[PDB]
């Protein structure tokens, strides 16, 4: 099933996770036919540890929609934010 979750990540000065995807992007390893932005890796001692996991789909960040966002715009937005970023993610959950 899926779960929508609000996550606060404090930049120090990075978020400590990697992403793939976006409109115009080269995809992702989770939902390959989906244009979304997905968390691909979370630094184990970084600011997102215990909060984000690979597979999490970013659908909003600091109130900006990440639904069907272009890849470069998504990257640049996440990099432009300062201090805390409030994410909305969609996480798949085991049956």
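Positions refer to the first chain, counted from 1.
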Entry-level comparison of average CA B-factors, 24 to 32 and 60 to 68, reporting the higher stretch: 24 to 32
Entry-reported Cα temperature factor of residue 77, expressed as the chain third it lands in: highest
Chain-wide C-alpha B factor ranking for residue 90, given as lowest, middle or highest third: lowest
Third of the chain's Cα B-factor distribution that residue 46 belongs to, per the entry: highest
